[PDB]
$ cat run.csv   # CSV, C-alpha atoms and all ligand atoms
chain,number,residue,atom,x,y,z
A,18,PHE,CA,5.4,123.0,179.5
A,19,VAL,CA,2.1,124.9,179.5
A,20,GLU,CA,3.7,127.9,177.7
A,21,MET,CA,4.4,125.8,174.6
A,22,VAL,CA,1.0,124.1,174.2
A,23,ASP,CA,-0.9,125.4,171.1
A,24,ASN,CA,2.2,127.2,169.8
A,25,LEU,CA,1.6,125.8,166.2
A,26,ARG,CA,-0.8,127.1,163.6
A,27,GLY,CA,-1.4,126.5,159.9
A,28,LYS,CA,-3.8,125.9,157.1
A,29,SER,CA,-4.6,122.4,155.9
A,30,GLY,CA,-2.1,121.2,153.4
A,31,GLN,CA,0.3,124.2,153.9
A,32,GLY,CA,2.2,122.8,157.0
A,33,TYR,CA,2.5,123.9,160.6
A,34,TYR,CA,4.3,127.0,161.7
A,35,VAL,CA,5.7,128.4,164.9
A,36,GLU,CA,6.4,132.0,165.8
A,37,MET,CA,10.1,132.9,166.0
A,38,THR,CA,12.2,136.1,166.4
A,39,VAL,CA,15.5,136.8,164.6
A,40,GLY,CA,17.9,139.7,165.1
A,41,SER,CA,18.3,142.6,167.5
A,42,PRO,CA,15.8,144.2,168.0
A,43,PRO,CA,13.8,141.0,167.5
A,44,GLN,CA,11.9,140.6,164.2
A,45,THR,CA,9.0,138.3,164.4
A,46,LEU,CA,8.4,135.7,161.7
A,47,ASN,CA,6.2,132.6,161.3
A,48,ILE,CA,8.3,129.6,160.5
A,49,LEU,CA,7.4,126.2,159.0
A,50,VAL,CA,8.3,123.3,161.2
A,51,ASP,CA,10.0,120.7,159.1
A,52,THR,CA,11.5,117.5,160.5
A,53,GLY,CA,12.4,116.6,156.9
A,54,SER,CA,15.1,119.2,156.3
A,55,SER,CA,18.0,120.7,158.3
A,56,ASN,CA,18.3,124.5,157.4
A,57,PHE,CA,16.9,127.5,159.0
A,58,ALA,CA,16.0,129.7,156.1
A,59,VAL,CA,13.8,132.8,156.0
A,60,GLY,CA,12.5,135.2,153.4
A,61,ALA,CA,14.8,138.2,153.3
A,62,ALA,CA,13.3,140.1,150.3
A,63,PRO,CA,9.8,141.5,149.4
A,64,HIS,CA,8.3,138.5,147.6
A,65,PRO,CA,4.6,139.2,147.0
A,66,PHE,CA,3.5,136.1,148.8
A,67,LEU,CA,5.1,137.3,152.1
A,68,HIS,CA,3.6,139.0,155.1
A,69,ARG,CA,7.0,139.9,156.2
A,70,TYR,CA,10.7,139.2,155.8
A,71,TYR,CA,14.0,139.3,157.6
A,72,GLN,CA,15.7,142.8,157.3
A,73,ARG,CA,19.4,142.2,158.1
A,74,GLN,CA,20.1,145.9,157.9
A,75,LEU,CA,18.0,146.4,161.1
A,76,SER,CA,19.9,143.8,163.2
A,77,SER,CA,22.9,144.9,165.2
A,78,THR,CA,23.7,141.2,165.9
A,79,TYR,CA,23.6,140.0,162.3
A,80,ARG,CA,26.9,138.5,161.1
A,81,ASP,CA,27.5,137.8,157.4
A,82,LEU,CA,29.2,134.4,156.6
A,83,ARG,CA,29.9,135.7,153.1
A,84,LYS,CA,28.7,132.5,151.5
A,85,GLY,CA,25.8,131.6,149.2
A,86,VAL,CA,23.6,128.5,149.5
A,87,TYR,CA,21.6,126.9,146.7
A,88,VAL,CA,18.8,124.5,147.7
A,89,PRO,CA,16.7,122.7,145.1
A,90,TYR,CA,14.4,120.0,146.4
A,91,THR,CA,11.9,117.8,144.7
A,92,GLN,CA,9.0,120.3,144.5
A,93,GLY,CA,10.8,123.7,144.5
A,94,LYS,CA,14.0,125.7,145.1
A,95,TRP,CA,15.4,128.5,147.2
A,96,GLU,CA,18.8,130.1,147.4
A,97,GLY,CA,20.2,132.6,149.7
A,98,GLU,CA,23.0,134.2,151.7
A,99,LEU,CA,24.4,132.6,154.9
A,100,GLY,CA,24.8,134.5,158.1
A,101,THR,CA,24.2,134.1,161.9
A,102,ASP,CA,22.0,136.1,164.2
A,103,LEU,CA,20.3,135.8,167.6
A,104,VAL,CA,17.1,133.7,167.4
A,105,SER,CA,14.4,133.0,169.9
A,106,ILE,CA,11.0,131.2,170.1
A,107,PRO,CA,8.5,133.3,172.1
A,108,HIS,CA,6.3,130.3,172.9
A,109,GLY,CA,9.3,128.1,173.4
A,110,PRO,CA,12.1,127.9,176.0
A,111,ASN,CA,13.2,131.3,177.6
A,112,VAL,CA,16.5,131.3,175.8
A,113,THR,CA,18.1,133.1,172.9
A,114,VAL,CA,20.8,131.5,170.7
A,115,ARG,CA,23.2,132.4,167.9
A,116,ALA,CA,22.0,130.3,164.9
A,117,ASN,CA,22.8,130.0,161.3
A,118,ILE,CA,20.2,131.7,159.1
A,119,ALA,CA,20.0,131.5,155.4
A,120,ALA,CA,18.5,134.8,154.1
A,121,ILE,CA,16.4,133.7,151.2
A,122,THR,CA,17.0,136.0,148.1
A,123,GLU,CA,15.5,133.9,145.3
A,124,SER,CA,13.0,131.1,145.2
A,125,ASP,CA,10.7,129.0,143.1
A,126,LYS,CA,7.5,127.2,144.3
A,127,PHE,CA,8.8,127.5,147.9
A,128,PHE,CA,6.6,130.2,149.3
A,129,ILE,CA,2.8,129.5,149.1
A,130,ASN,CA,0.4,132.1,147.9
A,131,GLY,CA,-2.0,132.8,150.8
A,132,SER,CA,0.1,131.2,153.5
A,133,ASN,CA,1.0,132.8,156.8
A,134,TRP,CA,4.7,131.6,157.1
A,135,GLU,CA,7.8,133.3,155.9
A,136,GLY,CA,10.6,130.7,156.4
A,137,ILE,CA,11.4,127.1,157.3
A,138,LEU,CA,12.9,125.5,160.4
A,139,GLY,CA,14.7,122.3,159.4
A,140,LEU,CA,14.8,120.1,162.5
A,141,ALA,CA,16.6,117.1,161.0
A,142,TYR,CA,20.4,116.5,161.3
A,143,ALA,CA,23.5,118.2,159.9
A,144,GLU,CA,24.1,115.4,157.4
A,145,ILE,CA,21.4,116.8,155.1
A,146,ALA,CA,22.1,120.5,155.8
A,147,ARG,CA,23.1,122.7,152.8
A,148,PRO,CA,25.6,123.4,151.6
A,149,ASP,CA,27.1,120.7,153.8
A,150,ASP,CA,27.2,119.1,157.2
A,151,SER,CA,29.4,121.9,158.6
A,152,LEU,CA,26.4,124.3,158.7
A,153,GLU,CA,25.1,123.6,162.2
A,154,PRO,CA,21.3,123.1,162.3
A,155,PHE,CA,19.2,125.3,164.6
A,156,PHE,CA,18.4,122.6,167.1
A,157,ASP,CA,22.1,121.6,167.3
A,158,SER,CA,22.9,125.2,168.2
A,159,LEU,CA,20.1,125.4,170.7
A,160,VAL,CA,21.2,122.3,172.6
A,161,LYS,CA,24.9,123.3,172.5
A,162,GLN,CA,24.4,126.9,173.7
A,163,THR,CA,21.8,126.3,176.4
A,164,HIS,CA,20.6,123.7,178.9
A,165,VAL,CA,17.6,122.8,176.8
A,166,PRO,CA,17.4,119.0,176.7
A,167,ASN,CA,18.2,117.3,173.4
A,168,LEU,CA,14.7,116.4,172.4
A,169,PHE,CA,11.5,117.9,171.1
A,170,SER,CA,8.0,116.6,170.6
A,171,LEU,CA,5.2,117.4,168.2
A,172,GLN,CA,1.4,117.2,168.5
A,173,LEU,CA,-0.1,118.0,165.2
A,174,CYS,CA,-3.9,118.4,165.5
A,175,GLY,CA,-5.2,119.0,162.0
A,186,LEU,CA,-8.8,126.6,154.1
A,187,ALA,CA,-9.5,125.2,157.6
A,188,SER,CA,-7.1,126.4,160.3
A,189,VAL,CA,-5.0,123.7,162.0
A,190,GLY,CA,-3.3,123.8,165.3
A,191,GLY,CA,-0.7,121.9,167.3
A,192,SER,CA,2.1,121.9,169.9
A,193,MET,CA,5.9,121.8,169.6
A,194,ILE,CA,7.3,121.0,173.0
A,195,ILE,CA,11.0,122.0,172.8
A,196,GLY,CA,13.2,120.2,175.3
A,197,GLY,CA,10.6,117.9,176.7
A,198,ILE,CA,7.4,116.0,176.8
A,199,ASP,CA,4.0,117.2,178.0
A,200,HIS,CA,1.9,114.3,179.3
A,201,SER,CA,-1.4,116.1,178.8
A,202,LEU,CA,-0.9,115.7,175.0
A,203,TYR,CA,-1.2,112.0,174.8
A,204,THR,CA,-3.0,108.9,176.3
A,205,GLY,CA,-1.5,105.5,177.1
A,206,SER,CA,2.2,104.8,176.9
A,207,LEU,CA,4.9,106.1,174.5
A,208,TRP,CA,6.4,103.3,172.4
A,209,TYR,CA,9.8,104.0,170.9
A,210,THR,CA,11.4,103.0,167.6
A,211,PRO,CA,15.2,103.5,166.9
A,212,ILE,CA,16.4,106.4,164.8
A,213,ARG,CA,18.3,104.2,162.4
A,214,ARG,CA,20.7,106.9,161.3
A,215,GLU,CA,20.9,110.6,162.1
A,216,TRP,CA,20.2,112.4,158.9
A,217,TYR,CA,16.5,112.4,158.2
A,218,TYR,CA,14.6,111.0,161.1
A,219,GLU,CA,14.9,107.5,159.6
A,220,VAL,CA,12.9,104.6,161.1
A,221,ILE,CA,12.3,101.0,160.0
A,222,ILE,CA,8.8,99.6,159.3
A,223,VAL,CA,8.6,95.9,159.8
A,224,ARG,CA,5.0,95.0,158.9
A,225,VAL,CA,2.1,96.7,157.3
A,226,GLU,CA,-1.6,95.7,157.7
A,227,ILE,CA,-4.8,97.0,156.2
A,228,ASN,CA,-7.7,96.2,158.6
A,229,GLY,CA,-5.4,93.7,160.3
A,230,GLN,CA,-4.5,92.0,157.0
A,231,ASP,CA,-0.8,91.7,156.4
A,232,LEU,CA,0.3,93.0,153.0
A,233,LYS,CA,2.9,90.1,153.1
A,234,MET,CA,5.6,91.9,151.2
A,235,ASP,CA,9.3,91.5,151.9
A,236,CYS,CA,9.7,94.2,154.5
A,237,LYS,CA,12.7,95.8,152.7
A,238,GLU,CA,10.1,97.1,150.3
A,239,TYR,CA,8.5,99.1,153.1
A,240,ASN,CA,11.8,101.0,153.6
A,241,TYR,CA,13.1,101.3,150.0
A,242,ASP,CA,15.2,103.4,150.1
A,243,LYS,CA,14.3,104.8,153.5
A,244,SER,CA,11.3,105.5,155.8
A,245,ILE,CA,11.2,108.9,157.6
A,246,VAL,CA,9.1,110.9,160.0
A,247,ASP,CA,8.4,114.2,158.2
A,248,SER,CA,6.3,117.0,159.5
A,249,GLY,CA,6.9,118.9,156.2
A,250,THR,CA,4.9,116.4,154.1
A,251,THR,CA,1.2,116.4,154.1
A,252,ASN,CA,0.6,112.8,152.9
A,253,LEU,CA,1.5,109.3,153.9
A,254,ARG,CA,3.9,108.5,151.0
A,255,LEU,CA,4.6,104.9,150.2
A,256,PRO,CA,7.2,103.3,147.8
A,257,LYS,CA,5.6,102.5,144.5
A,258,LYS,CA,5.4,98.8,145.0
A,259,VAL,CA,4.0,99.1,148.5
A,260,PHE,CA,1.5,101.8,147.4
A,261,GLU,CA,0.2,99.5,144.6
A,262,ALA,CA,-0.3,96.7,147.1
A,263,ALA,CA,-1.8,99.0,149.7
A,264,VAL,CA,-4.3,100.6,147.3
A,265,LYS,CA,-5.2,97.2,146.0
A,266,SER,CA,-6.1,96.1,149.5
A,267,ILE,CA,-7.8,99.4,150.4
A,268,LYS,CA,-9.8,99.2,147.2
A,269,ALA,CA,-11.1,95.7,148.2
A,270,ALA,CA,-11.8,96.6,151.8
A,271,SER,CA,-14.0,99.6,150.8
A,272,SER,CA,-15.7,97.9,147.8
A,273,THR,CA,-19.3,98.4,149.2
A,274,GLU,CA,-19.0,101.9,147.6
A,275,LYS,CA,-17.3,102.4,144.3
A,276,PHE,CA,-15.0,105.3,143.4
A,277,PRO,CA,-13.2,106.4,140.2
A,278,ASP,CA,-9.7,105.1,139.5
A,279,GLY,CA,-8.2,108.6,139.5
A,280,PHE,CA,-9.3,109.2,143.1
A,281,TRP,CA,-6.8,106.6,144.3
A,282,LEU,CA,-4.1,108.5,142.4
A,283,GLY,CA,-5.1,111.8,144.1
A,284,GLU,CA,-6.4,113.0,140.7
A,285,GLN,CA,-10.0,113.7,141.9
A,286,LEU,CA,-12.1,114.1,145.0
A,287,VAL,CA,-15.0,112.1,146.4
A,288,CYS,CA,-18.1,113.6,148.1
A,289,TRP,CA,-21.0,112.7,150.4
A,290,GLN,CA,-23.9,114.6,151.9
A,291,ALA,CA,-22.8,116.6,155.0
A,292,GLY,CA,-22.5,114.3,158.0
A,293,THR,CA,-22.9,111.0,156.1
A,294,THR,CA,-19.3,110.2,155.1
A,295,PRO,CA,-19.1,106.4,155.4
A,296,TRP,CA,-16.1,106.2,157.7
A,297,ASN,CA,-16.7,102.6,158.6
A,298,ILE,CA,-16.4,101.3,155.0
A,299,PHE,CA,-12.8,102.5,155.0
A,300,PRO,CA,-10.1,100.3,156.6
A,301,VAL,CA,-7.5,101.2,159.3
A,302,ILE,CA,-3.9,101.2,158.3
A,303,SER,CA,-1.3,99.7,160.7
A,304,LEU,CA,2.5,100.2,160.5
A,305,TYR,CA,4.5,98.0,162.8
A,306,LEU,CA,7.8,99.7,163.7
A,307,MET,CA,11.0,98.2,165.0
A,308,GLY,CA,11.0,98.2,168.8
A,309,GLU,CA,13.7,98.9,171.3
A,310,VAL,CA,14.4,95.3,172.0
A,311,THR,CA,15.6,92.4,169.8
A,312,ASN,CA,12.7,90.6,168.1
A,313,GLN,CA,10.2,93.2,169.6
A,314,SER,CA,7.9,95.6,167.6
A,315,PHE,CA,4.9,97.8,168.2
A,316,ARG,CA,2.2,99.1,165.9
A,317,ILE,CA,0.6,102.4,165.2
A,318,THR,CA,-2.8,102.5,163.6
A,319,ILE,CA,-4.5,105.4,161.8
A,320,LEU,CA,-8.1,105.9,160.6
A,321,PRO,CA,-9.6,107.1,157.3
A,322,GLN,CA,-10.1,110.4,159.3
A,323,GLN,CA,-6.4,110.7,158.9
A,324,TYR,CA,-5.9,109.6,155.3
A,325,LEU,CA,-9.0,111.1,153.7
A,326,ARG,CA,-8.2,114.9,153.7
A,327,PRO,CA,-10.9,117.6,153.5
A,328,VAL,CA,-10.8,119.9,150.5
A,337,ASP,CA,-18.3,117.1,152.7
A,338,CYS,CA,-15.7,116.2,150.1
A,339,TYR,CA,-12.3,114.5,150.5
A,340,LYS,CA,-9.0,113.8,148.9
A,341,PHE,CA,-7.1,110.5,149.2
A,342,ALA,CA,-4.0,111.5,151.1
A,343,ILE,CA,-1.8,108.4,150.5
A,344,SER,CA,0.5,108.5,147.5
A,345,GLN,CA,3.4,106.7,145.8
A,346,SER,CA,7.0,107.7,146.3
A,347,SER,CA,10.4,107.3,144.8
A,348,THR,CA,12.1,108.5,148.0
A,349,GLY,CA,10.8,105.8,150.4
A,350,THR,CA,8.1,105.9,153.0
A,351,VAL,CA,7.2,109.4,154.3
A,352,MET,CA,5.2,109.4,157.5
A,353,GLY,CA,3.8,112.9,157.0
A,354,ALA,CA,0.9,114.8,158.6
A,355,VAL,CA,-1.5,111.9,157.8
A,356,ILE,CA,0.5,109.7,160.2
A,357,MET,CA,1.5,112.4,162.7
A,358,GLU,CA,-1.9,113.9,163.3
A,359,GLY,CA,-2.8,110.5,164.9
A,360,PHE,CA,0.0,110.6,167.5
A,361,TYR,CA,2.1,112.6,169.9
A,362,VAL,CA,5.5,112.1,168.4
A,363,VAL,CA,8.7,112.4,170.5
A,364,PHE,CA,11.9,113.1,168.7
A,365,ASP,CA,14.2,111.8,171.4
A,366,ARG,CA,17.5,112.8,169.9
A,367,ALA,CA,19.4,112.2,173.2
A,368,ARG,CA,18.5,108.5,172.9
A,369,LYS,CA,18.4,108.1,169.1
A,370,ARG,CA,14.7,107.1,169.2
A,371,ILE,CA,11.3,108.3,168.2
A,372,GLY,CA,8.3,107.8,170.5
A,373,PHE,CA,4.7,107.4,169.5
A,374,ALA,CA,1.6,107.7,171.7
A,375,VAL,CA,-2.0,108.2,170.9
A,376,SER,CA,-2.7,111.9,170.5
A,377,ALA,CA,-5.2,113.5,172.9
A,378,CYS,CA,-6.3,115.7,169.9
A,379,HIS,CA,-6.6,113.2,167.0
A,380,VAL,CA,-9.8,113.1,165.0
A,381,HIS,CA,-11.9,109.9,165.2
A,382,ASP,CA,-15.4,108.5,165.6
A,383,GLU,CA,-17.2,106.6,168.4
A,384,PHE,CA,-16.4,103.2,166.8
A,385,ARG,CA,-12.6,103.5,166.1
A,386,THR,CA,-9.6,105.5,167.4
A,387,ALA,CA,-6.0,105.7,166.4
A,388,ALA,CA,-3.9,103.3,168.4
A,389,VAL,CA,-0.3,102.5,169.6
A,390,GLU,CA,0.0,98.9,170.7
A,391,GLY,CA,2.7,96.4,171.8
A,392,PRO,CA,4.7,94.4,172.3
A,393,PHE,CA,4.6,92.1,169.3
A,394,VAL,CA,7.0,89.4,168.3
A,395,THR,CA,8.7,90.2,164.9
A,396,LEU,CA,11.8,88.3,163.7
A,397,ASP,CA,14.5,89.5,161.2
A,398,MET,CA,13.7,93.2,161.7
A,399,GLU,CA,17.3,94.2,160.8
A,400,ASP,CA,16.6,92.7,157.3
A,401,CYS,CA,13.8,95.3,156.8
A,402,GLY,CA,16.4,98.1,156.5
A,403,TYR,CA,17.7,99.0,153.0
A,404,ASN,CA,21.4,99.2,152.3
A,405,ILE,CA,23.2,100.5,149.1
A,501,LIG,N1,9.7,117.8,154.4
A,501,LIG,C1,9.8,118.7,153.4
A,501,LIG,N2,10.2,119.9,153.4
A,501,LIG,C2,10.2,120.6,152.1
A,501,LIG,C3,9.8,119.4,151.2
A,501,LIG,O1,9.4,118.3,152.1
A,501,LIG,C4,9.2,121.7,152.1
A,501,LIG,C5,7.8,121.5,152.4
A,501,LIG,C6,6.9,122.5,152.4
A,501,LIG,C7,5.5,122.2,152.7
A,501,LIG,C8,4.5,122.4,151.7
A,501,LIG,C9,3.2,122.1,152.1
A,501,LIG,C10,2.9,121.6,153.3
A,501,LIG,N3,3.9,121.3,154.2
A,501,LIG,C11,5.1,121.6,153.9
A,501,LIG,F1,6.0,121.4,154.8
A,501,LIG,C12,7.3,123.8,152.0
A,501,LIG,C13,8.6,124.0,151.7
A,501,LIG,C14,9.6,123.0,151.7
A,501,LIG,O2,10.8,123.3,151.4
A,501,LIG,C15,11.8,122.4,151.5
A,501,LIG,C16,13.1,122.8,151.2
A,501,LIG,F2,13.3,124.1,150.9
A,501,LIG,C17,14.2,121.9,151.2
A,501,LIG,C18,14.0,120.6,151.6
A,501,LIG,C19,15.1,119.7,151.6
A,501,LIG,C20,16.4,120.2,151.6
A,501,LIG,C21,17.5,119.4,151.7
A,501,LIG,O3,17.4,118.0,151.6
A,501,LIG,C22,16.2,117.5,152.2
A,501,LIG,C23,15.0,118.2,151.6
A,501,LIG,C24,12.7,120.2,151.8
A,501,LIG,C25,11.6,121.1,151.8

$ encode --input "run.csv" --output "structure tokens"
Amino acid sequence: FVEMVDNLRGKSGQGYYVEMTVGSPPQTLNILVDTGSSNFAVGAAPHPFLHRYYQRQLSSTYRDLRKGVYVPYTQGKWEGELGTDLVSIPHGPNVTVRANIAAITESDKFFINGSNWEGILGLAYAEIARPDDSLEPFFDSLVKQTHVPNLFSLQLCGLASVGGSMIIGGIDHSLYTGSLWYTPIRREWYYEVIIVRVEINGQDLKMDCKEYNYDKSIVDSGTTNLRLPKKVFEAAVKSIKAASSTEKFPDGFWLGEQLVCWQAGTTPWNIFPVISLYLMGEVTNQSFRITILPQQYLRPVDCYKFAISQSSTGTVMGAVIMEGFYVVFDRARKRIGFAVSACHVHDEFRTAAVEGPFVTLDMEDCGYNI
């Protein structure tokens, strides 16, 4: 899938985007790739932050659905007008599909000042689409209307410019080393998974594993940080604090309230512990683990921010997790694959890892239910 490699760009902390076209003749837009939502929505008015926007008046293939959509989320809001049009991905499969497009006509804290994207591609499932699950997500339309296989994979490589690959309809083996290990998609809404054990430098946090997935754990390309439920974050910080105690930092730093700095080239990587998440495996009583480095959870702003934070919406495996791995969203088999990314950032002492099998009992009890 050579044509799709390196089809993602971005700025640190502002997400990864892919070039798309909408309408006839095609209008080119850069679109944020978001596995944590399910709408395709694009700027359609001259907001001052935008390089460009969708001009429905210029598209002969535009169809109005004559319905509005209103989308508040935890950190912002957009609203718009529903329609369909022809959509393609220039550095994707050689196909063109008729997709739902929300033309964004009002927004708050959605667009980012200085960013180079103009819309959002929600790759999650219809259950969390707005206004409801009748609005078919883009990927659902793509698979229904073409022979593109029902899967995609992401290699996120990490203002400094970031890069990556979105392989639509397949897997590119040059993007990872070792084997893929798969964890089940628990339910098709978000890309929900189940974490069955957590270790900091190989030391089990020893919490009831339900806490790790309260109220859910998801794989989310549209979140920068690793977000952990409050109780788990407390416990994880406590352990990370202890493991790194040879150098002392202010309390606010652990809350993301301030940075920490060292002289260029002397960041003490080795004093910071690795973080391991064991995920439910494909087989009964079988798990595997993924392990990330401080290179993943200490974000450049040599100064750095702590990129793990507390959550009230469950665990979010954001860019901090994903930049460690090649991640396969195997929708066809209701599973997510992880393999060590060929592009992840590390040092000569430690590298991100995907390892298994491990023996883990009562993994079904780790899932949260109402
Ligand atoms: N993953 C996720 N995507 C969000 C929030 O988190 C998001 C992230 C970004 C962003 C910002 C910075 C860096 N990287 C990003 F992806 C930008 C804009 C943005 O917009 C929306 C949005 F409009 C709706 C929703 C939802 C709609 C319906 O229910 C599910 C949530 C989520 C998001």

$ residues_near_ligand --input "run.csv" --ligand "ligand LIG 501 (chain A)" --cutoff "8 Å" --atoms "only C-alpha atoms and all ligand atoms" --output "count of residues only"
35

$ residues_around --input "run.csv" --residues "residue 123 in chain A" --least-positions-apart "2" --cutoff "9 Å" --atoms "all atoms listed in the file" --output "PyMOL selection string"
chain A and resi 60+62+64+94-97+121+125

$ atom_distance --input "run.csv" --atom1 "CA of residue 396 in chain A" --atom2 "CA of residue 315 in chain A"
12.6 Å

$ closest_residue --input "run.csv" --among "A:112, A:189, A:212, A:220" --to "residue 366 in chain A" --atoms "only C-alpha atoms"
A:212

$ atom_distance --input "run.csv" --atom1 "CA of residue 353 in chain A" --atom2 "CA of residue 211 in chain A"
17.8 Å

$ atom_distance --input "run.csv" --atom1 "CA of residue 324 in chain A" --atom2 "CA of residue 299 in chain A"
9.9 Å

$ build_atoms --input "run.csv" --residues "range 387-403 of chain A" --atoms "N, CA, C and O atoms" --output "PDB file, in the coordinates of the input"
ATOM      1  N   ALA A 387      -7.392 105.967 166.599  1.00  0.00           N
ATOM      2  CA  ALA A 387      -6.000 105.700 166.400  1.00  0.00           C
ATOM      3  C   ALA A 387      -5.408 104.960 167.597  1.00  0.00           C
ATOM      4  O   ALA A 387      -5.859 105.172 168.722  1.00  0.00           O
ATOM      5  N   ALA A 388      -4.399 104.123 167.372  1.00  0.00           N
ATOM      6  CA  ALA A 388      -3.900 103.300 168.400  1.00  0.00           C
ATOM      7  C   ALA A 388      -2.348 103.149 168.356  1.00  0.00           C
ATOM      8  O   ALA A 388      -1.780 103.234 167.269  1.00  0.00           O
ATOM      9  N   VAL A 389      -1.718 102.965 169.508  1.00  0.00           N
ATOM     10  CA  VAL A 389      -0.300 102.500 169.600  1.00  0.00           C
ATOM     11  C   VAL A 389      -0.287 101.325 170.514  1.00  0.00           C
ATOM     12  O   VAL A 389      -0.656 101.441 171.679  1.00  0.00           O
ATOM     13  N   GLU A 390       0.118 100.166 169.994  1.00  0.00           N
ATOM     14  CA  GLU A 390       0.000  98.900 170.700  1.00  0.00           C
ATOM     15  C   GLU A 390       1.274  98.061 170.654  1.00  0.00           C
ATOM     16  O   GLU A 390       1.978  98.075 169.658  1.00  0.00           O
ATOM     17  N   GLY A 391       1.548  97.325 171.721  1.00  0.00           N
ATOM     18  CA  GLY A 391       2.700  96.400 171.800  1.00  0.00           C
ATOM     19  C   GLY A 391       2.707  95.654 173.086  1.00  0.00           C
ATOM     20  O   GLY A 391       1.831  95.860 173.930  1.00  0.00           O
ATOM     21  N   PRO A 392       3.703  94.774 173.278  1.00  0.00           N
ATOM     22  CA  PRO A 392       4.700  94.400 172.300  1.00  0.00           C
ATOM     23  C   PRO A 392       4.267  93.323 171.372  1.00  0.00           C
ATOM     24  O   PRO A 392       3.331  92.580 171.690  1.00  0.00           O
ATOM     25  N   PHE A 393       4.854  93.256 170.184  1.00  0.00           N
ATOM     26  CA  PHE A 393       4.600  92.100 169.300  1.00  0.00           C
ATOM     27  C   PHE A 393       5.942  91.428 169.013  1.00  0.00           C
ATOM     28  O   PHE A 393       7.011  92.014 169.159  1.00  0.00           O
ATOM     29  N   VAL A 394       5.847  90.171 168.595  1.00  0.00           N
ATOM     30  CA  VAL A 394       7.000  89.400 168.300  1.00  0.00           C
ATOM     31  C   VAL A 394       7.255  89.441 166.768  1.00  0.00           C
ATOM     32  O   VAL A 394       6.438  88.970 165.991  1.00  0.00           O
ATOM     33  N   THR A 395       8.373  90.031 166.367  1.00  0.00           N
ATOM     34  CA  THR A 395       8.700  90.200 164.900  1.00  0.00           C
ATOM     35  C   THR A 395      10.176  89.823 164.758  1.00  0.00           C
ATOM     36  O   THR A 395      11.041  90.447 165.346  1.00  0.00           O
ATOM     37  N   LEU A 396      10.442  88.802 163.953  1.00  0.00           N
ATOM     38  CA  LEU A 396      11.800  88.300 163.700  1.00  0.00           C
ATOM     39  C   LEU A 396      12.411  88.997 162.469  1.00  0.00           C
ATOM     40  O   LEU A 396      11.680  89.476 161.615  1.00  0.00           O
ATOM     41  N   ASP A 397      13.741  88.981 162.388  1.00  0.00           N
ATOM     42  CA  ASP A 397      14.500  89.500 161.200  1.00  0.00           C
ATOM     43  C   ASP A 397      14.223  90.955 160.900  1.00  0.00           C
ATOM     44  O   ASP A 397      14.217  91.343 159.730  1.00  0.00           O
ATOM     45  N   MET A 398      14.020  91.781 161.923  1.00  0.00           N
ATOM     46  CA  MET A 398      13.700  93.200 161.700  1.00  0.00           C
ATOM     47  C   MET A 398      14.839  93.985 161.096  1.00  0.00           C
ATOM     48  O   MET A 398      14.604  94.969 160.392  1.00  0.00           O
ATOM     49  N   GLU A 399      16.072  93.554 161.354  1.00  0.00           N
ATOM     50  CA  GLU A 399      17.300  94.200 160.800  1.00  0.00           C
ATOM     51  C   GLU A 399      17.313  94.037 159.275  1.00  0.00           C
ATOM     52  O   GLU A 399      17.904  94.855 158.578  1.00  0.00           O
ATOM     53  N   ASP A 400      16.689  92.977 158.764  1.00  0.00           N
ATOM     54  CA  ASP A 400      16.600  92.700 157.300  1.00  0.00           C
ATOM     55  C   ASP A 400      15.645  93.676 156.622  1.00  0.00           C
ATOM     56  O   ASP A 400      15.649  93.757 155.402  1.00  0.00           O
ATOM     57  N   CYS A 401      14.795  94.371 157.379  1.00  0.00           N
ATOM     58  CA  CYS A 401      13.800  95.300 156.800  1.00  0.00           C
ATOM     59  C   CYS A 401      14.494  96.594 156.297  1.00  0.00           C
ATOM     60  O   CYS A 401      13.943  97.281 155.442  1.00  0.00           O
ATOM     61  N   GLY A 402      15.661  96.923 156.845  1.00  0.00           N
ATOM     62  CA  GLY A 402      16.400  98.100 156.500  1.00  0.00           C
ATOM     63  C   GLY A 402      17.071  97.971 155.102  1.00  0.00           C
ATOM     64  O   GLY A 402      17.627  96.921 154.786  1.00  0.00           O
ATOM     65  N   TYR A 403      17.011  99.028 154.297  1.00  0.00           N
ATOM     66  CA  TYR A 403      17.700  99.000 153.000  1.00  0.00           C
ATOM     67  C   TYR A 403      19.099  99.528 153.092  1.00  0.00           C
ATOM     68  O   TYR A 403      19.395 100.492 153.798  1.00  0.00           O
TER      69      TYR A 403
END
